[PDB]
Amino acid sequence: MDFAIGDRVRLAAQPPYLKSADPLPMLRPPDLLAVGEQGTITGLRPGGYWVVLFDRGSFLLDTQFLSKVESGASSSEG
């Protein structure tokens, strides 16, 4: 390993509604990630949510797709 997570977050088709309800204040800012794809995920294990830490910083998200590999193959390269 290296990042210690076993689950890396990345892009995978624009998110439907990202936010699950009303967690973080980031619902739809004038400048979202759109570049912070590659990131680390450390959710569920501790509680039952999902956290993606990328260049941009770190925001809440769901197992959907955007910023959360999971699918094991959700990308189109550069």
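Thresholds applied
- Here every chain is numbered from 1 following its written sequence, which may not line up with the entry's numbers; residues without coordinates are dropped from view.
- Working from all heavy atoms in the structure, the side-chain values ignore hydrogens and water.
- Segments assigned H or I by DSSP are reported as helices when at least four residues long, segments assigned E as strands when at least two residues long, and all are numbered from the N terminus.
- The cut-offs for exposure are 20% and 50% of the maximum accessible area for each residue type, with area from a 1.4 Å probe on protein chains only; residues under the lower value are buried, those over the upper are exposed, and the others partly exposed.
- It only takes one pair of heavy atoms within 4.5 Å for two residues to be counted as in contact.
- Under the convention used here, a 1.4 Å probe and the Shrake-Rupley method define accessible areas, while residue burial counts only the protein chains that appear.
- Remark: nonpolar core denotes a set of buried residues (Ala, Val, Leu, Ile, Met, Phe, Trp, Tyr, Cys) joined through side-chain atoms within 4.5 Å.
- Ring pairs are drawn from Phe, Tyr and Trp, using the six-membered ring of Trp, whenever the two centres fall within 6.5 Å, and their geometry is named by plane angle: stacked under 30 degrees, edge-to-face over 60, tilted for the rest.
- Criterion for a charge above a ring: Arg CZ or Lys NZ at most 6 Å from the ring centre, at most 35 degrees from the ring normal.
- In the sections that follow, a salt bridge refers to a side-chain nitrogen of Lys or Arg positioned within 4 Å of a carboxyl oxygen of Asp or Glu.

Turning our eyes to something else, we now look at the overall build of the protein chain. Counting its secondary structure elements, the protein chain contains zero helices and four strands. Helices (α) and strands (β) of the protein chain occur, in sequence order from the N terminus, as β-β-β-β. With respect to the three principal axes, the spread of C-alpha positions in the protein chain is 35 × 35 × 20 Å. When the 78 residues of the protein chain are sorted by exposure, 33% land in the buried category. Taking the intrachain contacts of the protein chain between residues at least 6 apart in sequence as the baseline, contacts between residues at least 24 apart amount to 52%. Here the protein chain displays about 5300 Å² of accessible surface, and carbon together with sulfur accounts for 56% of that area.

The subject of this paragraph is the side chain of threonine 40. Position of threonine 40 relative to the elements: it lies in strand β2 (residues 39-41). On the basis of relative accessible area, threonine 40 is assigned to the buried category, the value being 15%. In contact with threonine 40, other than residues within four places in its own chain, are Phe3, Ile5, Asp7, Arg8, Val9, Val51, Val52 and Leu53.

All right, on to the nonpolar core then. By size, the foremost hydrophobic cluster in this structure holds 12 residues: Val9, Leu18, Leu33, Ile41, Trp50, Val51, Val52, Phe54, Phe59, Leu60, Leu61 and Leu66. Every element with two or more residues in this core is listed here: β3 (51-53) and β4 (59-60). If we skip the residues at most four places from it in the chain, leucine 60 touches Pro23, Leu24, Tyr49, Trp50 and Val51.

Turning our attention to the packing of aromatic side chains. One pass over the structure, following the stated rule, counts one aromatic pair. Geometry around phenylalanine 59 places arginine 56 over its ring, the cationic atom sitting 4.9 Å from the centre.

As a further point, take the pattern of salt bridges. Taken as a whole and judged by the stated rule, the model has two salt bridges. Measuring nitrogen to oxygen at the nearest pair gives 2.7 Å for the salt bridge that ties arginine 45 to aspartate 7. Highlighted residues: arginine 45 in the loop between β2 and β3 and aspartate 7 in the segment before β1 (8-9), separated in sequence by 38 residues. Taking the relative accessible area as the measure of exposure, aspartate 7 reaches 15% and is therefore buried. A salt bridge links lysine 19 to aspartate 22, with the nearest nitrogen and oxygen atoms 4.0 Å apart. We classify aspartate 22 as exposed; its relative accessible area is 67%.

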